[PDB]
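[1] quick one, structure for this:
(2 chains)
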Amino acid sequence: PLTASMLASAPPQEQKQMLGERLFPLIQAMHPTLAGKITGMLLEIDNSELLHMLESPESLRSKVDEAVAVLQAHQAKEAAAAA
Amino acid sequence: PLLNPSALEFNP
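    Numbers count the residues shown, from 1 in each chain, chains lettered A, B, ... in the order given. Next comes the structure:
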């Protein structure tokens, strides 16, 4: 289990790496092809929010739904621009 | 606002 205190002694890029290694396998179980992209999108948010999502499966699942909708929106935006 | 669709991929 990854805690605020384990993150606190690491430099910020290492903190994002440690959160990433815990989130990636959960996100990969949901969306194997998008797991790298969705993990990257979630790592941009506040570390406190990321620790909450590792403790609350319902919060993580909703945030992954937000990431999937955001990717769909971006694909639609690009299709609108090309048409 | 919403998540960033241009975020860099995480590679584990």
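
[2] show me which residues of chain B are close to chain A?
    Counting by CB under 8 Å from any CB of the partner chain, the residues of chain B close to chain A are B:2, B:3, B:4, B:5, B:6, B:7, B:8, B:9, B:10, B:11, B:12. Quick note: C-beta positions are derived from backbone N, CA and C, even for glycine.

[3] quick one, phi psi at the fifth one?
    With angles defined as degrees, to the nearest 10, residue B:6 shows backbone torsions of phi -100, psi 10.

[4] need the contact list for it.
    Neighbouring residues of residue B:6 by CB atoms under 8 Å, 6 or more residues apart in numbering or on different chains: residue A:74.

[5] and the gap between it and residue A:33?
    Using CB to CB, to the nearest Å, residue B:6 is found at 18 Å from residue A:33.

[6] about what we covered before: residue A:76: which of the residues of chain B next to chain A is nearest?
    residue B:5 (10.6 Å; CB to CB).

[7] where along chain A do the helices fall?
    Per DSSP state H, chain A carries helices over the ranges A:4-8, A:12-30, A:35-43, A:47-55, A:57-82.

[8] just put those helices in a markdown table and tack on distance to chain B and mean neighbour count.
    Rendered in a markdown table, the data for the helices of chain A read as follows (distance: least, CB to the nearest CB, whole Å; neighbours: other CB atoms under 10 Å in any protein chain shown):
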| stretch | distance to chain B | mean neighbour count |
| --- | --- | --- |
| helix A:4-8 | 16 | 11 |
| helix A:12-30 | 4 | 16 |
| helix A:35-43 | 4 | 23 |
| helix A:47-55 | 11 | 15 |
| helix A:57-82 | 4 | 13 |
